[PDB]
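Listed next as structure tokens is one chain, alone, in the form deposited in one PDB entry.
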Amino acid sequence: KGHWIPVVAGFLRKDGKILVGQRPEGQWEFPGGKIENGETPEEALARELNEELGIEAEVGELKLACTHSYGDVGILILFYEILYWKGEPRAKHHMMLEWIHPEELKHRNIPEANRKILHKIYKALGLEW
């Protein structure tokens, strides 16, 4: 077997908080989405943040990559830091957007793929857990 879906996700950081979106009916995920053939990962992410949030984001440092399996398919998530953007994030894809202290992730319903690597996420934000 050998099937894979590459995904980009943004860590939008502001005032010590991180932006998280509630999946449509709800788990809380980092905004972003799938990489389309022909796009760089940074292009994909700028596009998805524009599509989901309506912002024009500067894609910053590549922080982390993780793999997870959904049985028949492999998922590869690339996590990029976003420190600068134009526009305000609006919930045009998610039922709810929320700024949270990274600490809250420990007690929010996030995808099990994100929960299993939460230690890596905090390290990737330069935080201790």
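Note that residue numbering begins at 1 and tracks the sequence as displayed.
Colleague: Which fits the stretch between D15 and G16: none, 1 to 3, 4 to 9, or 10 or more deposited residues lacking coordinates?
Modeller: Nothing is missing.
The form deposited with a small molecule bound exists for this protein as well; it is not shown, and the discussion that follows is about that form.
Colleague: Sort through 31-39, 57-65, 96-104, 80-88 and report the only stretch with a non-hydrogen atom within 4.5 Å of the small molecule in the deposited bound form.
Modeller: It is 31-39 that comes within 4.5 Å of the partner.
Colleague: Should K120 be counted as a contact of the small molecule in the deposited bound form, where contact means heavy atoms within 4.5 Å?
Modeller: Flag for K120 set to no.
Colleague: Tell me, yes or no, whether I18 is in contact with the small molecule in the deposited bound form, where a contact means a heavy atom of each within 4.5 Å.
Modeller: No, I18 is distant from the partner.
Colleague: Is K14 part of the interface with the small molecule in the deposited bound form - any heavy atom within 4.5 Å?
Modeller: Output for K14 is no: heavy atoms all beyond 4.5 Å of the small molecule.
Colleague: May I ask you to state whether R108 is within 4.5 Å of the small molecule in the deposited bound form, using heavy atom distances?
Modeller: No, no contact at 4.5 Å.
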